[PDB]
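Residue numbers (PDB author numbering), protein chains in the order written: chain A, 625 to 681; chain B, 620 to 854, 866 to 930; chain C, 395 to 507; chain D, 226 to 338; chain E, 1139 to 1345; chain F, 885 to 933. This report refers to the structure that appears directly beneath it.
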Amino acid sequence: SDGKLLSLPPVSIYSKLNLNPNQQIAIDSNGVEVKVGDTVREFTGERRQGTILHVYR
Amino acid sequence: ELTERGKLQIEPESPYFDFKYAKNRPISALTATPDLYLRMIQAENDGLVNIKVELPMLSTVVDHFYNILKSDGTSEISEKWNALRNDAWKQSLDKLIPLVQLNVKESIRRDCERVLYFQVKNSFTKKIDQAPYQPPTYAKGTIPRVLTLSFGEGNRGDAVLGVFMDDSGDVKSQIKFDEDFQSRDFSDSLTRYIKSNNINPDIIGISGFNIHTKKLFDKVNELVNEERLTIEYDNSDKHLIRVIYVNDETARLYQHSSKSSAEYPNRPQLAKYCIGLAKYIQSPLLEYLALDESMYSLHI
Amino acid sequence: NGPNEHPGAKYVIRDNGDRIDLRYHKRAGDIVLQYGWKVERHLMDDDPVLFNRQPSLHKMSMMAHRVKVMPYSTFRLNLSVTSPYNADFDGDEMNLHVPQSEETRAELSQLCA
Amino acid sequence: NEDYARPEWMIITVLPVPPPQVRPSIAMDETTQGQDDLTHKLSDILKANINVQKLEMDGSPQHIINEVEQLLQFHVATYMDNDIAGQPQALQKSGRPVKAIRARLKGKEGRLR
Amino acid sequence: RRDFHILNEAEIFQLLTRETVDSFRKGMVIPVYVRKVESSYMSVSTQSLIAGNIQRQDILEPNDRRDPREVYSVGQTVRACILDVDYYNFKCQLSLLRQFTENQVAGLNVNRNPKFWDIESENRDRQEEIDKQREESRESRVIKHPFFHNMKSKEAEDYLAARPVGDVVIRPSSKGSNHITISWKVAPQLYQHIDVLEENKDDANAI
Amino acid sequence: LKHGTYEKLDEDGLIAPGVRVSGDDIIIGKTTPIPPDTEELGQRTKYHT
DNA sequence: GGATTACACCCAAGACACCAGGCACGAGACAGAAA
RNA sequence: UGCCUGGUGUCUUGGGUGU
DNA sequence: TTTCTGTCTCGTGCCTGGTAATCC
Ligand SMILES: [Mg+2]
């Protein structure tokens, strides 16, 4: 989530974060709910866009 | 200083936002906060920011060295000589400044790295410094018989697994509770397992992956308080068997390690997790040793 | 209106290609349509459809008609077109094919009508 | 053609084994699934190949070698064409002839038509 | 070695919810999920299974007199601000008032002392990015009419110069797509531009 | 399971006469045994057999 | 000798690797034997 | 708060429907 | 007859191979 890259053995990883749709929820700047796979565009900065892969915090 | 990449990428949520516009930060105070300087260096290496070291009294040193070097003549020839000397001195300063800046930067980097190394060493030592749980009416260092109960998640369809290990460190019996943990049947079966089979565990450990485990912990504590399940003491206020939460980084890593699979080829993953919890309670140091390489991935 | 009320729709297809089934959606009223999406609406009046009877001996055995939705369970034809189809109403059956694109709809309405 | 159709390629020295998509298995009932005809024919061909390899290295009566190699030739030939006039067809355990690859492509129900 | 270490309330909370006490405390905004709507309160669930509740004073704005059920329904997640945290019982109270969910922007406690912080640079960058936000795009208008011509004011006047008195040309107006400038030749080398305001427009290019 | 409804079946898995049925409804309930998986790990008897 | 003989559609009903024989693991019963 | 499922043999044969 | 037990019979299990025109 920080933006860095790491290399670790498969054993060292804790576990997959299995999250239900009731847990993986995203809200945009305006407050409209955005779900998995939707396309959003960055409001500022590079103003890039893409499809959501996973939502965390 | 900030590059265009720094001008665009340093967001209010990014960890680099703490020094987006820092200025005139004292060097002597940096050693007390090594992580700030390390993060500044990391941001610099990303092509976002530029770290600059400057002296408020640089002009004072330049003027003093010029006064030492300059001639005292007043003729126009002496004026030309002094001008040539001063210009060469300024060029020498221009050449010299970057090397001194780099040397000072490397010195501060080494100091901060050593400070953070010592800090991490102390944190790890604090993490791994804990003797095994001492049951009452026993001397310190005695290995207690332990019982671990866990169900993992608590979704509809989550049975509670129980694993008991003696002081010898060898698994004695594993049991499944297939009824609901809130039913009277669950409590009765757990009481029968605790009492009838002469298991007599010295401490009971409870752990899980979410907040659902809290209800199990409360239910177990209520059961212990209700049935007066006092510890058996080898031959009189008999003491109750303690029920606590257990830290489970080593257990989580052990449930995925192939060492457990070789040790227990016909056991479920939750059984391996409970065994890891029990071994951690028996001896945290040996469990931390069992991590081998994965210990370096722990949040220290 | 949903997939059970005429006029209605069966699916909503997003730009990425995902299909939203309106039978199993609990929040059909909470769907907003964006430009470029596709709605698999029901067959409506004046939709060109290809109509066919076997054996197809000549090219007048496949002709494009305009849809008119009617009760009861039989296809209905003006009786003048029973000659090219070689059809009568003693039990014959005929095939209907629905175009699925603007290009194909234009071809049917401009060539096979 | 030197590049594309060289005459010695008309003799099979290595056989390509098609993926299971070409020879899918069917679940006859809720428990037992049925291997396809091509799968059984390939199993027979591979058994004959193993038999030839085993016989060659151990001991070589020419009569036995001729018999086994002729069996392998028969299996490979019937795997691709089971209507060779002048010799009996390969039969399944149920008595029906094997559906060779050539039979898949011809007729009204073949691939092309 | 020291005796066995017993986890406390903060450690148990961090172990169970995998959320630190710093990242989950007063004055934080989280996208909680509505689980039950009632007239006097709303029961919501956070991402980390932490059950929350809001008393009726905060689901709806103090000025509004609507009903909680009409505005918010089950499955409609909304932003909420943490007011209190029961770490032992994993219970929290939230507020939907915009004074928390919106005004809380600079939630970091970074010391902005001018001696060690360049406030002027951050402010200047802030108006730079705000002006960038103000920046937009515009395009030309296309209208189909026999007497409509996409010409400038001087271009329209020159086009009407070769024409006798009274001929009329129509061009887009500078006051917006909802306005139309009509240029007609009053006299030789004399032209009048008249602005026409459009109402009930079907489209920008439409009439 | 089939997408139809099983609520019209009796205790013995057979529908009773006099019951109105529609398309895709289940009129005969039959199950075949399957070797259980490793779900006995932590499933409270709620594992598909 | 080889190849091919109209188009489309509906429904129902009967068959689809079986087996036998030689090799292994575990168990148990009824008879041995000391006392 | 207890919470919802789309996945359907094959090969033969026989009797039929419309030309 | 009481008691410890042997050791080979035998239940349960399984591997794996035998076995109708016409026409060119
Ligand atoms: Mg007829």
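The beta carbon of each residue, even a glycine, is placed where N, CA and C say it ideally should be.
Just to make sure I have the definition right: I need the residues of chain B whose C-beta is within less than 8 Å of the C-beta of residue i. Which are they?
i	result
residue 1248/E	636, 637
residue 639/A	882, 886
residue 670/A	627
residue 902/F	Under the 8 Å cutoff, chain B gives no residues; its nearest Cβ is about 36 Å from residue 902/F.
residue 1260/E	639, 640
In whole angstroms, what is the alpha-carbon distance linking residue i and residue j?
i	j	result
residue 725/B	residue 908/B	47 Å
residue 1176/E	residue 1216/E	16 Å
residue 894/B	residue 783/B	15 Å
residue 503/C	residue 908/F	39 Å
residue 1140/E	residue 1204/E	60 Å
residue 1207/E	residue 654/A	21 Å
residue 753/B	residue 822/B	9 Å
residue 459/C	residue 396/C	27 Å
residue 456/C	residue 404/C	28 Å
residue 922/F	residue 898/B	8 Å
residue 273/D	residue 267/D	10 Å
residue 1259/E	residue 1240/E	25 Å
residue 796/B	residue 902/B	16 Å
residue 1229/E	residue 929/B	27 Å
residue 1155/E	residue 1344/E	57 Å
residue 930/F	residue 630/B	49 Å
residue 414/C	residue 635/B	42 Å
residue 699/B	residue 1262/E	45 Å
residue 1292/E	residue 1340/E	29 Å
residue 722/B	residue 715/B	11 Å
residue 743/B	residue 1270/E	48 Å
residue 1330/E	residue 1320/E	8 Å
residue 736/B	residue 652/B	13 Å
residue 477/C	residue 454/C	10 Å
residue 882/B	residue 671/A	40 Å
residue 1250/E	residue 676/B	25 Å
Residue i versus chain A: which residues are under 8 Å apart at the beta carbon?
i	result
residue 1199/E	Near residue 1199/E there are no residues of chain A at all, since even the closest Cβ is about 14 Å away, more than 8 Å.
residue 1215/E	649, 651, 657
For a contact meaning CB atoms closer than 9 Å, what does residue i contact in chain B?
i	result
residue 1145/E	874, 875, 876, 877
residue 1187/E	829, 830, 831
Since residue i and residue j should fall inside the 8 Å C-beta cutoff, what is the C-beta to C-beta distance between them, to a whole number of angstroms?
i	j	result
residue 876/B	residue 910/B	7 Å
residue 512/C	residue 475/C	In the structure as shown, chain C begins at 395 and stops at 507. Residue 512/C is therefore absent and cannot be evaluated.
residue 1190/E	residue 1245/E	Contact doesn't hold; Cβ gap of about 19 Å is too wide.
residue 289/D	residue 280/D	6 Å
residue 878/B	residue 826/B	5 Å
residue 912/F	residue 898/F	6 Å
Compute the minimum distance between the beta carbon of residue i and the heavy atoms of ligand 1, and state whether it is under 7 Å.
i	result
residue 259/D	no
residue 485/C	yes
residue 482/C	yes
Can you name the residues of chain E whose CB is closer than 9 Å to the CB of residue i?
i	result
residue 832/B	1154
Can you name the residues of chain A whose CB is closer than 7 Å to the CB of residue i?
i	result
residue 1210/E	Near residue 1210/E there are no residues of chain A at all, since even the closest Cβ is about 12 Å away, more than 7 Å.
Starting from the beta carbon of residue i, find every residue of chain B whose beta carbon is closer than 7 Å, and list them in chain order.
i	result
residue 1253/E	643
So which residues of chain A does residue i contact, with C-beta pairs closer than 9 Å?
i	result
residue 1171/E	646, 647, 649
residue 923/B	633, 635, 636
Under 7 Å Cβ-Cβ, which residues of chain F neighbour residue i?
i	result
residue 908/B	Simply none; closest approach about 17 Å.
residue 766/B	Near residue 766/B there are no residues of chain F at all, since even the closest Cβ is about 17 Å away, more than 7 Å.
Listing by chain order, which chain F residues have their CB less than 8 Å from the CB of residue i?
i	result
residue 648/B	Neighbours of residue 648/B on chain F: none; closest Cβ ~53 Å, over 8 Å.
residue 804/B	Near residue 804/B there are no residues of chain F at all, since even the closest Cβ is about 11 Å away, more than 8 Å.
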